[PDB]
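As a plain string of letters, each chain reads:
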Amino acid sequence: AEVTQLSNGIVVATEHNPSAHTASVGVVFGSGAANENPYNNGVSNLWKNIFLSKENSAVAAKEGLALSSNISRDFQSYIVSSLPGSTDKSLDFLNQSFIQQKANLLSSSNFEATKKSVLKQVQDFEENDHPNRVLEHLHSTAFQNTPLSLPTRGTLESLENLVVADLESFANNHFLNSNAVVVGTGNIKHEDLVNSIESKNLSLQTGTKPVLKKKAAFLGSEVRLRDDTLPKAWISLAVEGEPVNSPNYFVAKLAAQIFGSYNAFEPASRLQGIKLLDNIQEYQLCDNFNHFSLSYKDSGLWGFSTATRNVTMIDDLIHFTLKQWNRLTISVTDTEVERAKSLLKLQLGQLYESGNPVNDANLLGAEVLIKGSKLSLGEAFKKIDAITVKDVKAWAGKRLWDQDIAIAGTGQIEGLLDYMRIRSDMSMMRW
Amino acid sequence: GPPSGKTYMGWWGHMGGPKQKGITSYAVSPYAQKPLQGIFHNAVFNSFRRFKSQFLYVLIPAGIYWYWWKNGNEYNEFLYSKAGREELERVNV
């Protein structure tokens, strides 16, 4: 039940778990949206979609195995789920239809059908979703002129201007062996440990990933798309988080989980909570919270996303959330910290140990590429109880106190005051 | 509260202006940019362009009334200058 890693050409990792019985084997490429230029955006999306359609049609018809994928910023988590006794076939298919050969896959007809399907999908995502749209806009506005602001889906202008050659060029400049691994989360033990290294079962295109000239940055900005047609409102604050592989990941995660989520239309959420939730609930101010502190290998983001219903009362919601963040960095009760520790413990336990093998496989791939070695949750629990009020005070004195913010929302934001009524009030002039 | 008369400007959220869609704004925050951009180039160039654009509207009236004022002053001076017995009488009445 212990994760094993090595380094033999291509990194192979394994998180054995005979609890579940859905074996999964796949790859986790250490590149994606962050590793590609603004002018050719949805190349990763197109890859994922051509796979997820035609290879799905092939695999289900031939054998029994359902293949998924995921792209967040720098992954292509082409996980291929299977039965416990059917991992060799899955690996053989993966190495015979993803790395090579790509001729039977990139026919002009299949590529064009997938291209139009991707266009339709991104279009109706733009026309329907809203919290995801404002989150993508928040990324695109926080990291202007940097290979991290471009979204994980892409723009129609960038989507339309690529046919075959750009796709193959990106394939040959990022589907290498140096920054590609194999993940076997499920209930396999060592068959994957030896079958990945075989006479020829190896990714093509030996070499290295082209290093980006600039990594990441930050700057305060706004991208609002004010349109009164939409019913509700949407906003998303942000403060620069802490990158992965740093002695600040868990303290930032706790500093985010203190305030916690909130759904105003649930009998089991209004009653519980801390000061801001009560002071909001006295009137009607907000309708959802999401304190998220996302982190990436270049830089991380500590955010605060809402989707309210009241339109005249945006300013008061923002003012209260800012005063609560100041309260976080000035003085915190010990019971608050203890409750946060317990909640974050259970949240990590649920997230990392969900029964679905695909989630565990993707997270293991992310960690093995970024951290260089898997961090078993035992050490996380051991090192999480040591987080103390002084440490959080110190961390918030750096990341939060008078630091530039970025917000970006679509809807009836118009009531929101522009910048100096949401920025120069993070200290309330009496600390 | 006691309802009041119709107003052409609401408050935030119900501001009353025409509804619009597709307009996108931006900002870069005060702290991320130099406060004094252009400072001199824009100063001189825009100052001269603006002064050129509206020069005549202030030049013409000033010139007209200056001409009036000069003529009036000079005639008044001539009136009371060795002319109070041959010109002052014939025009005072």
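Our structure is the block above this text.
Rules used in this analysis
Numbering of residues starts from 1 on every chain and follows the order in which that chain's sequence is written, so it may differ from the entry's own numbering; residues lacking coordinates are left out. Each chain takes a letter, starting from A, and each ligand takes a number, starting from 1, following the order in which they are written. These chains belong to a larger assembly; the numbers reported describe only the chains shown. The side-chain numbers reported here are obtained from all heavy atoms of the structure, hydrogens and water having been left aside. Lining residues are defined by having an atom within 4 Å of a point belonging to a cavity or pocket. Those points lie on a 1 Å grid over the protein atoms alone, cavities being sets where a 1.4 Å probe fits but cannot get out and pockets being open sets with protein on both sides within 12 Å along at least five of seven lines. Grid points are joined across faces, edges and corners, and a volume is the space filled by probe spheres set on the points. The domain limits used here are those given by an automatic or database domain assignment. The patches reported here contain residues having more than 30% relative accessible area and no salt bridge. Joining distances are 9 Å for like charges and 5 Å for nonpolar side chains (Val, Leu, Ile, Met, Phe, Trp, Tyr). Accessible surface is estimated by sampling points in the Shrake-Rupley manner with a 1.4 Å probe; for residues, cover comes only from the protein chains shown. By salt bridge we mean one thing: a side-chain nitrogen of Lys or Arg within 4 Å of a carboxyl oxygen of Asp or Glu. In DSSP terms, a helix is any run of H or I states spanning at least four residues, a strand is any run of E spanning at least two, and both are numbered starting from the N terminus. Type-normalised accessible area, obtained with a 1.4 Å probe on protein chains alone, sets the label of each residue: buried when under 20%, exposed when over 50%, and partly exposed for intermediate values. N or O atoms within 3.5 Å of each other form a polar contact, as long as, within protein, one can give a hydrogen and the other can take it, and as long as residues adjacent in sequence are counted only when both atoms are side-chain atoms. By definition, residues are in contact when any of their heavy atoms lie within 4.5 Å.

A. Quick peek at the layout of surface pockets. Residue and element names in this part refer to chain A. What the second largest pocket holds in volume is close to 820 Å³. Contributing to the lining of the second largest pocket are 30 residues, with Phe125, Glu126, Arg133, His137 and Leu225 lying nearest its centre. Looking at which domains feed residues into the lining of the second largest pocket, each of domain 1 (1-201) and domain 2 (208-431) gives three or more.

B. Seen up close, a nonpolar patch on the surface. Residue and element names in this part refer to chain B. A cluster of nonpolar side chains, namely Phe48, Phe51, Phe55, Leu56, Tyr57, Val58, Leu59, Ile60, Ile64, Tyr65, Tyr67 and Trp68, defines an oily patch on the protein surface of about 1400 Å² accessible area. Put simply, the parts of the chain that give the nonpolar patch at least two residues each are α1 (41-53) and α2 (55-79). Ranked by residues supplied to the nonpolar patch, first place goes to α2 with 10 residues. Mapped onto the elements, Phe51 comes out in helix α1. According to the relative accessible area criterion, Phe51 is partly exposed, its value standing at 42%.

C. Inspection of the side chain of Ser149(A) at higher detail. Residues and elements named next belong to chain A. Relative to the elements of secondary structure, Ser149 occurs in the loop between α4 (131-142) and α5 (156-160). Among the polar contacts made by the side chain of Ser149, one reaches the main-chain carbonyl oxygen of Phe143 at a distance of 3.0 Å. Residues in contact with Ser149, not counting those within four places in the same chain, are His139, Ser140, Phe143 and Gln144.

D. A look at unusual backbone geometry. Residue and element names in this part refer to chain A. Following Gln100, the chain continues into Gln101 via a peptide bond in cis, with omega recorded as 0 degrees. One can find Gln101 in the loop between α2 (87-97) and α3 (108-128). Even without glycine at this site, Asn245 takes up a positive phi of about 60 degrees. With respect to the element layout, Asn245 can be found in the loop between β7 (235-240) and α8 (249-257). The phi torsion at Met428 lies on the positive side, around 50 degrees, for a residue other than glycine. Overall, the relative accessible area of 35% leaves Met428 in the partly exposed class.

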